[PDB]
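These notes are about the structure you will find just below.
Derivation of every value follows stated rules applied to the coordinates shown; laboratory data play no part. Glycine gets a Cβ as well: all are built from the backbone with ideal geometry, and neighbour counts include every protein chain shown.
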Amino acid sequence: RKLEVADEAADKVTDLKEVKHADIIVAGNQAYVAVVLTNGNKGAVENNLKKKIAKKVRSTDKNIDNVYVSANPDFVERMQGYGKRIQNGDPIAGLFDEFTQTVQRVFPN
């Protein structure tokens with residue numbers, strides 16, 4: 001139920017030359033990462049770059065085990081919106097159900 005914007009993690013991800021923008025929300029030991037790639041690819045993130053992104057995220061917080069990464073354009077939009085609402089002080093109760101639906105769609109079983 002605890003959703004946090006991970007600004008330090010997003011900053012470490014954009015130290016990668018391949019990643020232009022990142023929006024990251026952490027729900028417990030799980031990080032959800034929306035990326036805009038330098039090369040404009042909006043398909044599945046290439047597996048080696050996903051691993052490098054995950055290494056950047058885990059470096060900021062010893063509690064993070066699982067890192068989910070997508071460049072899907074709708075996901076990028078949704079995560080930018082969720083990030084703004086959280087940091088502006090909106091109740092997590094107001095958006096937790098929406099967030100859950102988004103990440104269950106983007107990151108299925």
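Tabulated results
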item: The chain, relative contact order in percent, only Cα pairs under 8 angstrom and at least six apart counted; result: 28
item: Hits among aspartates and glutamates - C-alpha to C-alpha of residue 62 under 16 Å, sequence gap 8 or more where chains match; result: 4, 7, 8
item: Length released on extending from residue 11 to residue 98, taking residue separation times 0.36 nm less the Cα-Cα span; result: 28.8 nm
item: log10 of Debye I(q)/I(0), alpha-carbon scatterers only, for the chain at 0.15, 0.22, 0.24 Å⁻¹; result: -0.57, -1.27, -1.50
item: Label-to-label distance, nm, for residues given as residue 63 and residue 88 (7 Å Cα→Cβ offset); result: 2.6
item: Candidates per GluC sites (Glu not before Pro) in segment 1-106, loop by DSSP, up to 16 other Cβ within 10 Å; result: 46
item: Considering only the chain, percent of DSSP beta bridges that pair antiparallel, nearest 5; result: 65
